[PDB]
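Reviewing the structure listed below.
Here Cβ is always computed from backbone atoms with ideal geometry, including for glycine, and neighbour counts include all displayed protein chains. Since every read-out is calculated from the coordinates, none of them should be taken as a lab result.
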Amino acid sequence: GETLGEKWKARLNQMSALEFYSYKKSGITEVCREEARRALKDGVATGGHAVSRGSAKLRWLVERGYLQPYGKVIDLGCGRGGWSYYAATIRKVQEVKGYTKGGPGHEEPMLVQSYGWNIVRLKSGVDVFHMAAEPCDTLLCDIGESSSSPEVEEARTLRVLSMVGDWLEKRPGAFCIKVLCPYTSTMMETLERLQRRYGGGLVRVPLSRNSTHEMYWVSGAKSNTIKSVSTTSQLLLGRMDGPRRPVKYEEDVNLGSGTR
Ligand SMILES: Nc1ncnc2c1ncn2[C@@H]1O[C@H](C[C@@H](N)CC[C@H](N)C(=O)O)[C@@H](O)[C@H]1O
Ligand SMILES: [Cl-]
């Protein structure tokens, strides 16, 4: 019947504005973005700043061995490009190709000169659901829009996963795919099938806010899908009770500067 994550989602939808604001960041990990946010507002491109919070999330996965990027990196839904810029600093990465929709309401690629910027091409105006898949060594995808409806989250995740499949058939050796909604019975069954075909596992990145159940399907992970999902649901539900817990900070990403 009802999964733990579905219980989490229903309770999230019952929170007041104050409860939601306090719960959102209770006990999460975070980078302080004040220094980067000013620079990028001033139009600076050489301070080594990440363009987005996304860089810290991919760094977390890469630094803990869940993903080893190499060769040709594709970044689907690159937005401003936080994942692409981080990938460009990795020694074995040869090229980074990012694709994002852009337009009103959506994020545009940011052009900065952090280390390895010269091996990057960020392309806006691309709907990846209509782009032909091509071969690559590392496949990245950070697509999926949050919704108050778990029904919507499931459907958006399935669309992403069907699109990702065509790229995985080009047989990349590494991948990191956002799974917005892993917590429904259909989604757990879907990811068991995908795990059987392509390997990998699901990982909860602790920089994710408590207001999303997003997990990342990464090639270096092996965990049982149901256990990893249910563990994350338990964590998120427990944080809804008791007092607010402090945010834990890591230092923001410094990607350096220069060319490769
Ligand atoms: N069908 C789509 N095609 C291309 N881009 C999309 C599509 N749907 C959503 N997006 C974009 O994917 C991006 C998702 C971002 N959260 C990714 C953040 C990125 N990883 C970073 O570090 O900056 C958003 O900018 C979306 O506008
Ligand atoms: Cl998105």
**Fill in**
Taking region 133-158 and keeping residues touching a residue at least 12 places away in the same chain (Cβ under 8 Å) and among the hydrophobic types (A, V, I, L, M, F, W, C) leaves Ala133, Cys136, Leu139, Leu140, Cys141, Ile143, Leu158
**Request:** Please tell me if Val126 is within 16 Å of ligand 2 (Cβ to nearest atom) and either touching a residue at least 60 places away in the same chain (Cβ under 8 Å) or surrounded by 12 or more Cβ atoms within 10 Å (Cβ to Cβ) (or both).
**Result:** yes
**Asked** Taking interchain pairs and intrachain pairs at least six residues apart, which have beta carbon atoms under 7 angstrom, with the first residue in region 1-28 and more than 30 Å from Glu250 (Cα to Cα) and the second hydrophobic (A, V, I, L, M, F, W, C) and assigned to a helix (DSSP H, G or I)?
**Response** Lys7/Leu237
**Request:** Check whether at least one residue in region 121-134 is among the aromatic types (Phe, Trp, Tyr), within 13 Å of ligand 1 (Cβ to nearest atom) and more than 16 Å from the chain's Cα centre (by Cα), and report yes or no.
**Result:** yes
**Item:** Criterion (in contact with a helix residue (DSSP H, G or I) (Cβ under 7 Å, 6 or more places away or on another chain) and among the basic types (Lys, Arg)) met by exactly one of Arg193, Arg197, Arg209, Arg171
**Value:** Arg209
**Prompt:** Restricting attention to region 74-105, which residues are over 15 Å from the mean Cα position of the chain (by Cα), over 17 Å from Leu180 (Cβ atoms) and either within 12 Å of ligand 1 (Cβ to nearest atom) or not polar (S, T, N, Q) (or both)?
**Reply:** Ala88, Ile90, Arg91, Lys92, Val93, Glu95, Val96, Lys97, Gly102, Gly103, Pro104, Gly105
**Prompt:** Would a scan of region 216-223 turn up a residue that is surrounded by fewer than 22 Cβ atoms within 10 Å (Cβ to Cβ), among the basic types (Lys, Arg) and under 25 Å from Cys32 (Cα atoms)?
**Reply:** no
**Message:** Tell me the residue from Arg156, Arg171 that is over 30 Å from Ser257 (Cα atoms) and within 14 Å of ligand 2 (Cβ to nearest atom), please.
**Reply:** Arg156
**Message:** Which count do you get for residues in region 68-104 that are part of a loop (DSSP other than H, G, I, E, B), more than 16 Å from ligand 2 (Cβ to nearest atom) and surrounded by fewer than 24 Cβ atoms within 10 Å (Cβ to Cβ)?
**Reply:** 6
**Item:** Among (1) loosely packed, with under 14 Cβ neighbours inside 10 Å; (2) part of a helix (DSSP H, G or I); (3) not hydroxyl-bearing (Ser, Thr, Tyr) - the single one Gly65 does not satisfy
**Value:** (2)
**Request:** Would you confirm whether any residue within region 120-129 is in contact with a helix residue (DSSP H, G or I) (Cβ under 7 Å, 6 or more places away or on another chain) and either farther than 22 Å from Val179 by Cα or assigned to a loop (DSSP other than H, G, I, E, B) (or both)?
**Result:** yes
**Extreme residue, surrounded by the most Cβ atoms within 10 Å (Cβ to Cβ), among residues of region 138-152 that are aliphatic (A, V, I, L, M) and within 8 Å of ligand 1 (Cβ to nearest atom)** = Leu140
**Item:** Any hit, region 186-201, residues being within 13 Å of ligand 1 (Cβ to nearest atom), out of contact with any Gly (no Cβ under 9 Å at 6 or more places or on another chain) and on the phi < 0 side of the Ramachandran plot
**Value:** no
**Fill in**
With the first residue restricted to region 41-53 and required to be of a type outside the set (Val, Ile, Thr), and the second required to be in a loop (DSSP other than H, G, I, E, B) and more than 16 Å from ligand 1 (Cβ to nearest atom), Cβ contacts under 6 Å at 6 or more apart or on different chains are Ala45/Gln113; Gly48/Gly256; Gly48/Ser257
**Message:** Which of the helices (runs of 4 or more DSSP H) found entirely inside region 136-247 contain at least 2 residues meeting this: closer than 24 Å to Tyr86 by Cβ?
**Reply:** 150-168, 225-240
**Item:** Every residue from region 140-151 that is closer than 11 Å to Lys9 by Cβ and within 12 Å of ligand 2 (Cβ to nearest atom)
**Value:** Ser146, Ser147
